[PDB]
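Chains as they are written, first to last, in my numbering: chain A, 460 to 1627; chain B, 613 to 1062; chain C, 40 to 131.
Just so it is clear, CB atoms sit at the ideal spot from N, CA and C, and this is done for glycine as well.
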Amino acid sequence: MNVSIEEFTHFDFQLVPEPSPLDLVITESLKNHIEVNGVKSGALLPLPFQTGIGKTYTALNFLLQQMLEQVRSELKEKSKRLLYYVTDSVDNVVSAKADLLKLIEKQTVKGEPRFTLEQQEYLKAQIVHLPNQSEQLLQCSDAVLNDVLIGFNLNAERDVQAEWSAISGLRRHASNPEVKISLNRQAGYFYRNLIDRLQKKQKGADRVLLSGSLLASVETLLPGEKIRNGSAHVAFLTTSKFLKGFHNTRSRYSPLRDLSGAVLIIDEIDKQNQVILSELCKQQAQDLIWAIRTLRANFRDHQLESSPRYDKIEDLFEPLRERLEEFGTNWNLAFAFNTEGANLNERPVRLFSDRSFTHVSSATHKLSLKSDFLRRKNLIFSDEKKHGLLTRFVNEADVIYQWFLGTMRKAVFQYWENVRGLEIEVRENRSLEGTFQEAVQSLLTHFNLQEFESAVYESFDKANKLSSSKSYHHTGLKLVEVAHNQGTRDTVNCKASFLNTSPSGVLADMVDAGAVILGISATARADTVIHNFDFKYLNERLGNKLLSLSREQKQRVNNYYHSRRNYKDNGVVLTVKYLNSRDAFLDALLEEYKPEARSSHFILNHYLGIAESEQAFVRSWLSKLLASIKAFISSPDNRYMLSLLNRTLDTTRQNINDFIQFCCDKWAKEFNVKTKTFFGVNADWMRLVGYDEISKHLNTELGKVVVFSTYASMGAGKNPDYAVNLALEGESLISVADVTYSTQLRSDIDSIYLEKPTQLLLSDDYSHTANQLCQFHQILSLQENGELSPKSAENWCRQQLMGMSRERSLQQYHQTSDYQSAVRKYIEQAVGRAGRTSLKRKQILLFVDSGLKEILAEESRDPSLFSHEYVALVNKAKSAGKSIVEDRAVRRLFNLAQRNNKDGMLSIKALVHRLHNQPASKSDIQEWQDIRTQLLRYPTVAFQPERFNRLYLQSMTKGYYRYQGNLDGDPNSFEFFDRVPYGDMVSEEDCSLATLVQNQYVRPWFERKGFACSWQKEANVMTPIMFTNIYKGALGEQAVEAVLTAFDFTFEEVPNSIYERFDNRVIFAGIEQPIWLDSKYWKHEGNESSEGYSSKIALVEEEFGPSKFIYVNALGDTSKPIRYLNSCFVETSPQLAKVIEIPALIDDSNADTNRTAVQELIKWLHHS
Amino acid sequence: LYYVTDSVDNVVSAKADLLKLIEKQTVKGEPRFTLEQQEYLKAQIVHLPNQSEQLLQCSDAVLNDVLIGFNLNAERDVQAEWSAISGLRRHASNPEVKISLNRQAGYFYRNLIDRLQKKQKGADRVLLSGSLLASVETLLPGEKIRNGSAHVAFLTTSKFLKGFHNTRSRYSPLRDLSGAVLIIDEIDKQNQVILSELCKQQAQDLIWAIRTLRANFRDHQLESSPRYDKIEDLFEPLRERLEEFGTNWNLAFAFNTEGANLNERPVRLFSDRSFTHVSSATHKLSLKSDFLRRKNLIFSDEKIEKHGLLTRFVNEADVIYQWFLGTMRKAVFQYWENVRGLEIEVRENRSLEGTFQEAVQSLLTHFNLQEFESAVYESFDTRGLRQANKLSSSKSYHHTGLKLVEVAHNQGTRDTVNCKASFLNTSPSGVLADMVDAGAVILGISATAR
Amino acid sequence: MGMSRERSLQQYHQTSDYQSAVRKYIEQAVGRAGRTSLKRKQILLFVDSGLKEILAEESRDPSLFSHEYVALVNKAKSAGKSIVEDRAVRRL
DNA sequence: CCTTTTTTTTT
DNA sequence: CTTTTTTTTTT
Ligand SMILES: Nc1ncnc2c1ncn2[C@@H]1O[C@H](COP(=O)(O)OP(=O)(O)O)[C@@H](O)[C@H]1O
């Protein structure tokens, strides 16, 4: 019996629950954004909320509030706005849903109930909890499934009834973990087939009109149908289910394509960076050779129907059609590829690529690619002693493959616009999701490309040019393996695995789609990119859509947390101790345990199972662990110790367990304690009935409980508390809340040991390729931030490709400043998990490793959002031995200065080479103009530009800086700023633009085109490689023409076969022999050797026979006479000189035009 | 030697009676064999059941030896699935449990063997011997057959038409029948059994297959190495026919049916391939290439137009598709005589069965036709015993066959059609004759055998 | 076009193929109950009336016919001799 | 207008 | 140099 909206017609929407300082924060930052950035824009508001004072409560109270708000609009009236609540763990998701259903019931406004019972039925019917397919099946009764099987005529198939018999046969014999593990695998497979047949029988021809018990049975089995049907607001799913989508009665709905208006309420947002990365590293690897050959063959003549339903789609594939033909002709795709040249066949070749400056390869010799014509086979070979290189082919082939996939997405979007207007039978599914199924099918069928069906479906969820906003976070690494195919012995396949975007890029894509994502986590703005999103990229990409909190709002939160946690005025003590290696302390204990052995080392190898390899480490985490144990036993009032180690002390290493068990029992007797220890408490242990047992012991018994867990084993949802009895605990407890929210007599831990967090480098275990992408993402995300200079990041990526031990990987991570903010994120969570109960002890102890004393002393954020128990852990470290600085932001600048230079050196070298082929592409020339147009119009930009971010270089000095490095050599050896105080200055004085603009001819020309006359005094100065090679080279080019403009000389476009080889085509004087140009800025750049120059003449002598040349150098010394040089470019007589070299046109002393030189030049071109 | 029957309860009974015959043999009043020869003869017999029951017979010790001895105890899914199989066997009989146990046993066996086959046919040859040999041989009865420890087999007719596994790949007894000796109990009942296997072939889209063949064959070429000598010539007539066929019917466009009485019911075109041609459409359907719309339109014309009939197109398309598959079979045989001795060492397994999987791989990769691997593999399970319609050779239905074609709109897209052609390229009587013509000596023991 | 399972069997009945098919079931459904040697002296056999005409057409060589199938064919053959279709003449 | 039970293997 | 659990949803 579904419930209508008639009860909300009498609802008093004016009446509202009383807001909270935590509640006001969420709405305050959102209302202003809506009235500034528009209504349908989106936002990425993070909220740094402490875990104890109201994360859920406020999170779910916001989710409920949006549920109530939409109902009023629907009642006052269209599709409901979705309100996903994405988390990481199923336990947390179900707990959040249960609390929400709890909240709808017992929430009382001003002391009286708010929701009538009927309203609760309506609101509860809007919430959904879509689980995985396996658990979805083992939730509905046998009657519910039988109605679906009978009502859809699926009982007449042998396979369907055979499977369902087994599922019903097994689920009846439940209650045994051995059976439980196979009912879940079996349930998932049957669920796919049952829904697949349900969708096949429903999407075509016959369509069952769902109603009555068939609707309830089909909605119970398909909760995603409740959303598609049209009565469901909220979904309660994990991140993995959000990234994989959920079935409705028609197809598989993906929320990533329907984000416009979504209100994602992602909880513990920082953890989703690793979760989203696990979905991205789990994509299928595609053969590049097969895909490119298949695309080339099915495109040369495979027309698409000329109907109004496919207009403008034939044009999106035209540039791809020509490129595929050109690509096939260049690399001879009619043949198959195969390696050659032994010392290349023993092991495969892996070719990492950033699609940018980082281009590490695992073949120590550069591999060429020759196209043999006698033996009809493309051969990959090595040449130990160029256009035809293996890396150039694979990069070119990858660009085309993603060009097709990119074009495929535009065609699908174009198709939807063609059919949205056509109102024939499109039904309610007129969105890009309803037509995605069809638009991909129709286009892949006409082109015969049905093999790419999966690769297009699974990938449907700012290019790599210097004239764009380049970044790794909308780009990706590309791991390619070139190994022999299976079975056949003389062919290879390019098994390419892509990472086309990043979890931070994915998060930005959600907000740009229109999502209103809310980040609810304490460490939601950490200064690491390994365990979080890059919030410096998300700041530049989103801009003002990345909402923040003002001074008063973060000050208001601290006051709220200071009230609900009033530690000092009520009276408590936070004792903090730092524990070192205490070899003497542990020696006495080990001797006293088993003194009969020769020495303590025998105890290590007899009763502890430790050799002379780990003895230095095991002692370190045993001496520090035990020393904290006895200090807890010294205090009788405290009776709860949680040790958060990194190694799971359980039945595995039980030899250690009994030694520490004996030490706890030994100290118990001499301190008058009946203590208890709870060993082996890992994720398995709390599951069955585990962590409730520890609560019961402190509920009734008298003693001290010591718990040995790990950081991983205390992820989230775990509530380390217990029920307190005043008979058990006397005046030890004391309330800290200024007011009194519900009681229920609960306490929490009062003394926790915090060992150093280790193994902070992310990992994946899905496959070897699956974590290969994960490890390469981490290296390239540290380099993009600026933690690693490109010298070391490329070194790390080269080792990562060849093969490294996990110890080597972590030793590189430890060397960066990202690792400090990573470990200070683990602690900030571990300390924050113990403050979930207001009613607290007075003597709260804190013991942490001394390997963290220096790390903790580096914390430098604002306590205005910190917890009460973490500032105490950091204040002791501040009031300690030494307090120094690490200069976080200045070592970042030295790396981003080095990085942007390396990008210019690598991209420009590729742009020039791609201009050395005939013809030059229209984009390539257009991009070349924009590089020079922006570079010399804006010599210094005020802010950080969002369109030419690799052109510039942030400097510690305004308007200039000093560098030192081989400008035409290795870009990894550059040094900047104070590293080289005697280097080459990149100021405006060095280029001497002031002398150039003093001229009466140059100055007027710049004003018309806006070219700079002076450099501003901002810190975003130009790159070194793109100031001498692109800027001074182009500054003279404009200066030369402007001087020669006022002498009846006009210049035209160089043709598309010698572009960039010559400045401009010169006309006038009436002479048929065309006049060319070679413009430079002085004689000290552009050597232009005679052999090199003679090469340029031949390529243009073939063009138009005889030719003339001029070697104008603009600025310089005007005193030196002109010279007359021959085609051999050595010396000759004047009248037999093919080329002429003018030393300068403007004086470098007082900026005087070379009137005599041009007059002879004017006279010379008349004679010639 | 094979003892092929059609029921599982009969082969095990025959094997059991054979084992008793060796033990209980009172020739001249004394045992025929000594106490040792019985073990040698018993080792030569092998019973090959389905994969599901082959798994549920080996003990957990045998599977542990294989999983540990192959480094498979690291795959994070092999151990996950093997945990469920181990955990489900320990329970009682419970027929509800057993029906689900046999389902998962077969799937796990398939997944385990292909991993055991990718890991063994590569470079890290595990050199199966010792107690690991008795473990795989127990899990793979069709491995002692490949190793020469046994020749006698005991399998059902379906297992004889599906093939069994060894450490390398799936061995099909049909393709290696020269010199065999089949013994078939109730031979008459195998006509129904073989026909049931021939009706399980997968339907192939004719429009996709012909368009795919035409696109790849136009330019993609084979290597000029000695291993592909005179193989390019086998495909030359097919290339010209593919180009001529594409030009005649305008294969650059897609096909679609337009007209009344053509969308409420799809057309079905049955054909004997010689003289029995029946169409489900009441009136003849023409096929016109629209150059303005860039579409090929199957339509019903209410008014004989030999040029441009739908039946003529499908018949020609079928002939070309079976021509490629027929040529594919000749190329595989041609490949195995250029590499039989001229390859010189390199690889043992010198047999049209061992070379067949590689020769299919190399040729389909050079032509970029890897989507036809399954279709080529299945066609050998039907016509492999081979390597007409010419009123100049033996014309009969028992080796010509029948073809059923379904022309309906494609899935998801409302303006294209596909010819899902289901074939019966031979008959069980033809299959039996091909088995005899391959060199097998067949014994048919049945009262109503004639 | 789609025919009822009845009409499939009706078309099969009109052929002489169906007559040699039913006489294959009987010849096996009777030889299976003959695997022993100890037998009663009154082995009875009762068969349907719809099989007397079919069983009277059996004319193959009796040099391998079972004892129980022979006795099943003579009784239907007792009604003199009946003209047959002469299967060859209608096959040509 | 004849009048069903039964089977194996891979997925 | 270096110090591990654990987590989801597909097929
Ligand atoms: N006014 C209130 N503010 C915050 N929490 C409240 C309030 N009233 C009741 N609660 C309960 O206290 C709990 C505090 O949330 P909890 O999960 O302990 O911390 P957090 O949500 O910050 O992790 C909520 O679950 C909520 O049900």
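Quiz prompt | Identity of the residue in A628/B, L739/B and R877/B nearest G41/C by Cα | solution = Stepping through the third sequence from its first residue, residue 41/C is reached at position 2. Ranked by how close their Cα comes to the Cα of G41/C, the residues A628/B, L739/B and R877/B have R877/B in first place.
Quiz item: Which full runs of the beta strand (DSSP E) of 3+ residues lie inside the stretch 810-880 of chain B, going along the chain?
Solution: 866-869
Quiz item: Does any CB atom of chain C fall closer than 7 angstroms to the CB of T1060/B?
Solution: As a position in the second sequence, residue 1060/B is number 448, starting the count at 1. With 7 angstroms as the cut-off, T1060/B counts as an interface residue toward chain C.
Quiz item: Using Cβ-Cβ distances below 7 angstroms, what residues of the stretch 706-733 of chain B are close to chain A?
Solution: For the stretch 706-733 of chain B, the residues whose beta carbon sits under 7 angstroms from a beta carbon of chain A are, in order, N706, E708, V709, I711, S712, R715 and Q716.
Self-check item: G1056/B - containing alpha helix (DSSP H), residue span
Solution: Along the second sequence, read from residue 1 onward, the residue named residue 1056/B stands at position 444. No alpha helix (DSSP H) holds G1056/B; the beta strand (DSSP E) holding it covers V1053 to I1057.
Quiz prompt | Rounded C-alpha distance that separates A646/A from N1030/B | solution = Walking along the first sequence from the start, residue 646/A turns up at place 187. Walking along the second sequence from the start, residue 1030/B turns up at place 418. If you take the alpha carbons of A646/A and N1030/B, they lie about 34 angstroms apart.
Quiz item: Any heavy atom of ligand 1 closer than 6 angstroms to the CB of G570/A?
Solution: For this step, residue 570/A is matched to residue 111 along the first sequence. No, since every heavy atom of ligand 1 falls outside the 6 angstroms radius drawn around the Cβ of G570/A.
Quiz item: How is the alpha helix (DSSP H) around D971/A delimited, first residue to last?
Solution: Here residue 971/A corresponds to residue number 512 of the first sequence, with the count starting at 1. First-last of the alpha helix (DSSP H) with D971/A: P962 to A972.
Self-check item: Beta carbon proximity, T859/B to chain A, threshold 7 angstroms
Solution: Counting from 1 along the second sequence, the entry for residue 859/B is found at position 247. Answer no: the Cβ-Cβ gap between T859/B and chain A never drops below 7 angstroms.
Quiz prompt | Sequence-distant residues of the same chain with beta carbon closer than 7 angstroms to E1405/A, five excluded per side | solution = On the first sequence, residue 1405/A is found 946 positions in, with the first residue counted as 1. Residues of the same chain with a CB within less than 7 angstroms of the CB of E1405/A, apart from the 5 flanking positions on each side, are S928 and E999 in chain order.
Quiz item: Which two residues bound the contiguous alpha helix (DSSP H) that contains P636/A?
Solution: Within the first sequence, residue 636/A is the residue found at index 177, counting from 1. Following the DSSP letters along the chain, one finds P636/A inside the alpha helix (DSSP H) bounded by residues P636 to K662.
Quiz item: Which residues, in chain order, does the stretch 818-840 of chain B contribute to contact with chain A at a C-beta distance below 8 angstroms?
Solution: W820, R823, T824, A827, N828, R830, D831, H832, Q833, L834, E835, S836, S837 and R839
Quiz item: Can the beta-carbon of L1574/A be found less than 7 angstroms from the beta-carbon of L1410/A?
Solution: Working through the first sequence from its first residue, we reach residue 1574/A at position 1115. Working through the first sequence from its first residue, we reach residue 1410/A at position 951. Contact flag unset, no.
Quiz item: Residues bridged to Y1181/A by DSSP?
Solution: Here residue 1181/A is taken as the residue at index 722 of the first sequence, counted from 1. Secondary-structure assignment with DSSP links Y1181/A through a beta bridge to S1206/A.
Quiz prompt | Under the three-state DSSP convention, the category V1032/A falls into | solution = Stepping through the first sequence from its first residue, residue 1032/A is reached at position 573. Reduced to three states, the DSSP call for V1032/A is strand.
Exercise. For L1104/A, count neighbouring C-beta atoms within 10 Å of its own C-beta (all shown protein chains included) and say buried if the count is 16 or more, exposed if not.
Key: In the first sequence, the residue the question calls residue 1104/A occupies position 645. Looking at its Cβ environment, which holds 16 or more other Cβ atoms inside 10 Å, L1104/A is buried.
Quiz prompt | Within chain B, the residues that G70/C reaches when beta carbons sit closer than 8 angstroms | solution = Along the third sequence, read from residue 1 onward, the residue named residue 70/C stands at position 31. The answer, in chain order, is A1059.
Self-check item: Under 7 angstroms by beta carbon: chain B residues contacting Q67/C
Solution: Counted from its first residue, the third sequence places residue 67/C at position 28. Contact of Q67/C with chain B by beta-carbon distance below 7 angstroms involves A1059 and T1060.
Self-check item: ligand 1 heavy atom lying under 6 angstroms from the CB of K514/A
Solution: By 1-based counting over the first sequence, the position of residue 514/A is 55. At least one heavy atom of ligand 1 is nearer than 6 angstroms to the Cβ of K514/A, so yes.
Quiz item: Excluding the five sequence neighbours on either side, which residues of its own chain have a C-beta within less than 8 angstroms of the C-beta of residue 584/B, listed in chain order?
Solution: Only positions 613 to 1062 of chain B appear in this structure, which leaves residue 584/B out of reach.
Quiz item: Cβ-heavy atom distance between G511/A and ligand 1 below 6 angstroms?
Solution: Taking the first residue of the first sequence as position 1, residue 511/A is located at position 52. Yes, since a heavy atom of ligand 1 falls inside the 6 angstroms radius drawn around the Cβ of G511/A.
Self-check item: Inside the stretch 997-1046 of chain A only - beta strand (DSSP E) runs reaching at least 3 residues
Solution: 1032-1038
Quiz item: Hey, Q1388/A and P1249/A: beta-carbon distance below 7 angstroms or not?
Solution: Here residue 1388/A corresponds to residue number 929 of the first sequence, with the count starting at 1. Here residue 1249/A corresponds to residue number 790 of the first sequence, with the count starting at 1. No, these two residues do not count as a Cβ contact at 7 angstroms.
Quiz item: Between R835/A and chain B, is there a C-beta pair that is closer than 7 angstroms?
Solution: Looking up residue 835/A in the first sequence gives position 376. By this cut-off, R835/A is an interface position.
Quiz item: Do you know offhand how far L657/A's Cα is from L881/A's?
Solution: The residue given as residue 657/A occupies position 198 in the first sequence. The residue given as residue 881/A occupies position 422 in the first sequence. Straight-line Cα distance between these residues: approximately 28 angstroms.
Exercise. Determine the contact status of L828/A and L810/A, defining contact as a CB-CB distance below 7 angstroms.
Key: Counted from its first residue, the first sequence places residue 828/A at position 369. Counted from its first residue, the first sequence places residue 810/A at position 351. Result no, Cβ atoms of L828/A and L810/A do not sit closer than 7 angstroms.
Practice problem: Please go through the stretch 769-797 of chain B and give each complete beta strand (DSSP E) segment of 3 or more residues, from N-terminal end onward. | Solution: 793-797
Quiz item: If you follow the beta strand (DSSP E) that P505/A is part of, which residue opens it and which one closes it?
Solution: Translated into positions along the first sequence, residue 505/A becomes position 46. Counting along the chain, the beta strand (DSSP E) containing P505/A begins and ends at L504 to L506.
Exercise. Provide the residue span of the beta strand (DSSP E) that contains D831/A, from first to last.
Key: Working through the first sequence from its first residue, we reach residue 831/A at position 372. Segment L826 to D831, the beta strand (DSSP E) holding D831/A.
Practice problem: Could you name the residues of the same chain whose beta carbon sits closer than 7 angstroms to that of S627/A, not counting the 5 residues immediately before and after it, in chain order? | Solution: Along the first sequence, one-based indexing puts residue 627/A at 168. So the qualifying residues of the chain are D601.
Quiz item: How is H978/B classed by DSSP in three states: helix, strand or coil?
Solution: By one-based count along the second sequence, residue 978/B stands at place 366. The answer is helix: DSSP assigns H978/B an H, G or I state.
Quiz item: Mapping DSSP to helix, strand and coil, what is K499/A?
Solution: Position 40 of the first sequence, counting from 1, holds the residue named residue 499/A. Residue state for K499/A is assigned as coil, using DSSP reduced to three classes.
Quiz item: Taking the continuous alpha helix (DSSP H) assigned at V944/B, which residues delimit it?
Solution: Along the second sequence, read from residue 1 onward, the residue named residue 944/B stands at position 332. Run containing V944/B: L922 to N950, per the alpha helix (DSSP H) assignment.
Quiz item: Are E870/B and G946/A touching if we call contact CB-CB under 7 angstroms?
Solution: Taking the second sequence and counting its residues from 1, one reaches residue 870/B at position 258. Taking the first sequence and counting its residues from 1, one reaches residue 946/A at position 487. No, the pair does not count as a contact, with Cβ atoms beyond the cut-off.
Practice problem: Tell me, please, whether the stretch 1289-1309 of chain A touches the stretch 1324-1331 of chain A by the rule of three or more beta-carbon pairs shorter than 8 angstroms. | Solution: yes
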